[PDB]
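What follows is a set of notes on a single structure, which appears directly below.
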2 protein chains.
Amino acid sequence: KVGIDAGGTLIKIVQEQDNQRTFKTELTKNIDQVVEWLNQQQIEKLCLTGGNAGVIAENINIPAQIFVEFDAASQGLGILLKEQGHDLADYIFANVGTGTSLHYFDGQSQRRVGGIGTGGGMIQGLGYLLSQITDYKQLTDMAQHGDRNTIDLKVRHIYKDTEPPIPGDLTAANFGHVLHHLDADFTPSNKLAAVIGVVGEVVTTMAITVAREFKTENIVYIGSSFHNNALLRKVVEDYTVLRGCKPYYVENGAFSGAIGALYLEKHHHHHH
Amino acid sequence: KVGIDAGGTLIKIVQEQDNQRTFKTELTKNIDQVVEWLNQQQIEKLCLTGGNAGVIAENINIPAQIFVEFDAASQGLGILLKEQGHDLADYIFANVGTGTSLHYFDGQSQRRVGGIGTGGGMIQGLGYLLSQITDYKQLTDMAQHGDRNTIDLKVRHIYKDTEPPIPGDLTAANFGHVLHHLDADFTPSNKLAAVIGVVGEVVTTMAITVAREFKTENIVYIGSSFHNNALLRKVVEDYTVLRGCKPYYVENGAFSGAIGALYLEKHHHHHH
Ligand SMILES: CC(C)(COP(=O)(O)O)[C@@H](O)C(=O)NCCC(=O)NCc1ccc2c(c1)OCO2
Ligand SMILES: CC(C)(COP(=O)(O)O)[C@@H](O)C(=O)NCCC(=O)NCc1ccc2c(c1)OCO2
Ligand SMILES: Nc1ncnc2c1ncn2[C@@H]1O[C@H](COP(=O)(O)OP(=O)(O)O)[C@@H](O)[C@H]1O
Ligand SMILES: Nc1ncnc2c1ncn2[C@@H]1O[C@H](COP(=O)(O)OP(=O)(O)O)[C@@H](O)[C@H]1O
Ligand SMILES: [Mg+2]
Ligand SMILES: [Mg+2]
């Protein structure tokens, strides 16, 4: 009756009652408060996934079954895409969580085709180092209207009056313009926009590269890293389109794993 | 008689006299001092490449021919590999300059197969933001013995007592451990090691991904970003090996473009 994806930073909960979902999030830091909540419900089985699933299972007396997050994510995302009118033959999905995991879905199953440590954790952690802000809403709100111009170097900055070998407006070097602007006021907003910029550019670069390798035009982006971060969504969407791919975002995409755990548990029951 | 690769951060000069090379570097910031030097030599032709080639050409009266850096880099690197006893049938080369450009060499010619703004410029620029150090030797020396443990999150930190779906020692999130260590002394050395860490991990991830796509085990790493940066070299080499590829570094690899410009100019002369 409950699906829980207990990830590196957020615990995603999907409560099912009367054929409708109720979505909840809690910080993984507060995992004990998830157990508290569970102990006040009338749940007969936990469908778990994610790195911290074992911690919940070992701290509560409710029967639990654990599912590997890659398969749970892929299944929940498949459900959400169909619910939302997308009938895709294949796609890359990039799960931009605490870190970023990349998968190719061929129409039937997923395989992991790469990963990178540039994701939501870097946004928070490097963000804190450059701004001293710990609150996620404060951090991301501050970043939205930051100006990356004095921090990031573009191809045209290097090639100047010469026509460049690749488009001039492309980022050549994240943070590569800093040393050209050493008298600049590197504001917290500007610095944080550059952090979101580099995370978005790296994720998208990897996603479009495996899209080419596995011969799909479709890239689906999920993960809580996009929550309250319109800038990140735009950086990713824009570059995806520029490189000839189609980006998709999913309503409640961050809950793919939790939805997938519930579904996998259902269909685990069979016999031969 | 002179090959010059005038890049985003360094100007690489190869002087040829009596069948032996003389290598020089100057900061692109100091491009006027390269023109000064040129005006004191007895050079009859400049073989130029790189983003700032046009600037040198327009500020001096010596005849000049310009070559596209991707082809000049590939050619000079081919020469250097053979000089150094490597006879490779194919390879990826990653040019880790101010930014990073990735190429597949099939045995005959190169094509660019990707790029990313994580490279030497980010090391300097983000390094400056986290440390206030502008001097490259100071910056990189400070980073060498930094401890990334309190800054970077590993897969085992998320999965804890549960066997993880990918190896536990892998970086899950660059800077992802910062919020778990908010009372930590984030020393300049530690912060800079993490900057070098993320740049190395992203470059290597992209290089091994295009190596798989283009079916080669060989990855050659060039660029001045490796100079005075043993940590970067190690981060890259280690992960390359872990992902089943063979890393190569090249003596004077940073001068590939300059060597290639000289060679291309030579052989541009022909007729039909
Ligand atoms: C670990 C995962 C699956 C946990 O999922 P969550 O993010 O949903 O909690 C996720 O964060 C992830 O896939 N992270 C990226 C892991 C990865 O592929 N790293 C790449 C990498 C690249 C280079 C490296 C390195 C690791 O170790 C040393 O050098
Ligand atoms: C521009 C180049 C060729 C100049 O050579 P140098 O570094 O030798 O001076 C080199 O720095 C390079 O290839 N840089 C990386 C360029 C790149 O591929 N960027 C990727 C990228 C990724 C995402 C982006 C984006 C650009 O613009 C907006 O979103
Ligand atoms: N309320 C929040 N608190 C903290 N981080 C948040 C919040 N909402 C979104 N995020 C972002 O989402 C990231 C986690 O994404 P998620 O897909 O839940 O990863 P995981 O499965 O690793 O928990 C965080 O690192 C952060 O960037
Ligand atoms: N003496 C130096 N001064 C500045 N940067 C240096 C120096 N030596 C090495 N570097 C590093 O090398 C990077 C530039 O590499 P390079 O291959 O020369 O790029 P480009 O062709 O863009 O000039 C710098 O961003 C820096 O990280
Ligand atoms: Mg997750
Ligand atoms: Mg260069």
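Along the chain as shown, the residues are counted starting at 1.
According to its header, this structure was worked out by X-ray crystallography, 1.8 Å.
Using the three backbone atoms N, Cα and C, a Cβ is placed for every residue, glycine included.
Noted in Swiss-Prot for the protein shown:
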BINDING   A:5-12, A:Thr98, A:120-124, A:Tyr136, A:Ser224  ATP binding site
ACT_SITE  A:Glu69  active site, proton acceptor
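Feature annotations, reproduced from the PDB entry:
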SEQADV    A:267-272  expression tag
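Locations of recorded Swiss-Prot features on the structure.
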residue	record	Cβ contacts under 8 Å, 6 or more apart
A:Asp5	ATP binding site	A:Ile11, A:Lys12, A:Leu48, A:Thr49, A:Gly50, A:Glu69, A:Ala72, A:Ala73, A:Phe255, A:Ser256, A:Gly257, A:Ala258, A:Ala261
A:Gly7	ATP binding site	A:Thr28, A:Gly50, A:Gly51, A:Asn52, A:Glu69, A:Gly97, A:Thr98, A:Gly257
A:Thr9	ATP binding site	A:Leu27, A:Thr28, A:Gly97, A:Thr98, A:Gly120, A:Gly121, A:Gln124, A:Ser224
A:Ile123	ATP binding site	A:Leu139, A:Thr140, A:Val195, A:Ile196, A:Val199, A:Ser225, A:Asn229, A:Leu232
A:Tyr136	ATP binding site	A:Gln124, A:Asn228
Cβ under 8 Å to chain B, applied to recorded positions A:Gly7, A:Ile11, A:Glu69, A:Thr98, A:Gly121, A:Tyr136: A:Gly7, A:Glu69, A:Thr98, A:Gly121
Count of other CB atoms lying within 10 Å of the CB belonging to A:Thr98 (ATP binding site): 27
Binding-site residues whose CB lies under 6 angstroms from ligand 5, from A:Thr9, A:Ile11, A:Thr98, A:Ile123, A:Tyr136: none
Residues of the expression tag (A:267-272) by DSSP state, where helix covers H, G and I: 2 helix, 0 strand, 4 coil
Sequence-ordered binding-site residues from A:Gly7, A:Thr9, A:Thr98, A:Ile123 with Cβ under 6 Å of an atom of ligand 1: A:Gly7, A:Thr98
